[PDB]
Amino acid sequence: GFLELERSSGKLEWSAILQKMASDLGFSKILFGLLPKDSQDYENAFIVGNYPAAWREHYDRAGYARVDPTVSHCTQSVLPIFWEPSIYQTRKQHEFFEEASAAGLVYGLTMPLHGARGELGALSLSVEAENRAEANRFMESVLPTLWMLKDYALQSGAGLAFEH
C-alpha cells in the first residue's frame, strides 16, 4: 500500500516499491513525473521509474513534452488517457508514437496527477501485449486499483519530490 510508499526512505526504495506495485498490476514499464505548482518545466520534472534511459534522454533532447499528446491532456483533465491511435494527430505526434514504440512503449495509459498544492504530474504505465484488444483487457481489469494507486503515489510522491 501507500503505507509501504510512506515508510520507505529515499527515492531508490520508493521507485522499487512503485515499480513492483505496477508490475503486480501487469505493467512492466512506468514513469511517474511530477512538477511543483506553477512550473511547466518538463525537462526538469521529478521522475521515477524504469523507462529505458536512452528513451528518457531522447524525450528530453527532442523536446517531446511539446508534442506528446498526454502532456496537453493532463493540463486539462483528471481522467486517464489511453495510448490509442486517435490521440496522435499531427506529423510530429506520429513520429512520437513511432520512436516510443521502438523503445517498447506502445500500449498503455497516462493518469494525470493534480496535487492538493497544485502539483502537476502523470503516472504513465505501459503494458506488454500482443495487440490493442489484449492490452485493453489487461488495463481494464486493473483500472479501479490503478485509479487508487495514482492518488496514493501522488500524495506520497509529492513529499519525496519536493520536501528537502
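Residues carry their position along the shown sequence, with the first being 1. Whichever C-alpha set is largest while still superposing within 1.5 Å between the two forms counts as the rigid core.
- Where the structures in 8 other deposited structures of this protein are fitted on the rigid core, 41-49 is the one of 41-49 and 118-126 whose C-alphas sit farther from the shown form on average.
- In summary, of the stretches 5-13 and 150-158, 5-13 shows the greater Cα distance from the shown form in 8 other deposited structures of this protein, with structures fitted on the rigid core.
- Look at the C-alpha B-factors of 132-140 and of 115-123. On average they run higher in 132-140.
- When the C-alpha B-factors of 27-35 and 58-66 are averaged, 58-66 comes out higher.
- Annotation for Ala161: C-alpha temperature factor in the middle third relative to the rest of the modelled chain, per the entry.
- In this PDB entry, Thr145 carries a Cα temperature factor that places it within the middle third of its chain's modelled residues.
- Among all modelled residues in this chain, the alpha-carbon of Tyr51 has a temperature factor (C-alpha) in the lowest third.
- In the PDB entry, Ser77 places in the lowest third of its chain by CA B-factor.
- In the PDB entry, a CA B factor belonging to the lowest third of its chain's modelled residues is recorded for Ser15.
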